[PDB]
């Protein structure tokens, strides 16, 4: 943290943050969500980290170079240490990225190494080559060299993500899946795990071995697993919570903007809210069904009447304000809702659905005030505009993500947030073989368009390819875009260090501080 001169610090430097749900895991290779990553950034530090405004900055690596954007050399600071006092070395990174790549680990982010094009990743994922063949090596204890199969100019931007953080081999091997328990875990971020009470709280305490420990101000941070946005706001207003999760309750949000204006933070966020269609399951494998659902949903009603928290109606997967996004807004989005409804009805009738043989399916969402209220409204809108019957089903976060990966669903509420600010952070998840492809979407055409983006050596051709890829996705109605999120949350007046300038919202508690109040 960089405490501005003049600012008087509170005697007690403790923070309470709501985290939206119980984390899937604390193992960097077994996580795929925002809640998981929120805690991960305080415990495990990779090569680079985001500064307080989101710029890729030195993490364990203090300096780095690239040769033709294909060979990246990271110089690790000598004083980087784990919480047990042992050094963080390039060997830790070699082991960790190999473990991420290894099919045996079954990481949901195994494809992150494909997104970065680390040499030999495809064969390793397919079981054709051993994970030790991965294009990473330790040149010495403080030098990590990564070799890519093609030039990736934005490669370093990917490195702030949890999947490429180091994990302690010793603890993993000795304790297996219980390596993350408080008594066994070893961490290299600014914090250490103190307590972990499932469905109650995660308590982290300052890690004195952290290389930048002298700049850390918060001594303890508690992460809560409250999925009810109304409850989160209530516990924030009662004084228990210092920072709510960034999912806002439809019930209380208007109230709040008027009641506590200076505590309501609303900033740009690179995330898209959509209804994910299981593309490999009939009748959702029929593009006419998918298109009907996409068109019959009334974004104006949901976004501006039902939710109205500052969101913008969406027509794409990649947010249009992503760095490098120059998207073509589709004609259907410009039409009136009545025209969209008419077309939707025509397509469904073409697909075989009638009044005595209607389309009935499930709408899966993770427990939440916001998602439930929106799902009820969408169910109503689809029933009214298309004559479709939807059965709502809520699941807790960890179960919900597993269900989507399994493909044991029809339609699911979804929200993807960028991992790095570049269109492929979104687009790569729709690749036929992506480990993040819960849409179960497989398009050779789409795949080829993305493949071509690193075969050109200029941003204009690349951006046009991203635009065409979104057009392909939209043509196939892979998803039902709803709105582009805004990062809205409540932050107590005494919490300093939160700028809201980072569109990826990669917060580190080491950068925050409590002002005397």
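Numbering follows the first chain given and starts at 1. Rigid core here is just the name for the largest C-alpha set that superposes within 1.5 Å across the two forms.
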Taking RMS over all structures and residues, which stretch has CA atoms farther from the shown form in 9 other deposited structures of this protein, 42 to 50 or 469 to 477, after a rigid core fit? 469 to 477
By Cα RMS to this form in 9 other deposited structures of this protein after fitting the core, the stretch ranking higher of 275 to 283 and 173 to 181 is 275 to 283
Of 296 to 304 and 83 to 91, which one has the bigger average CA B-factor? 296 to 304
Assert higher mean C-alpha B factor (96 to 104 or 306 to 314, deposited values) equals 306 to 314
Per the deposited B-factor column, the C-alpha that peaks among 202, 418, 430, 250 belongs to 250
Name the residue from 189, 319, 268, 352 with the greatest C-alpha temperature factor listed in the entry. 352
Assigned third (lowest, middle, highest) for the C-alpha B factor of residue 357: highest
Residue 239 CA temperature factor, ranked by third within the chain: middle
Could you say whether, by C-alpha temperature factor, residue 13 belongs to the lowest, middle or highest third of its chain? middle
Within-chain third of residue 62 by Cα B-factor, per the entry: middle
Select lowest, middle or highest to describe the third in which the CA B-factor of residue 181 falls within its chain in this entry. middle
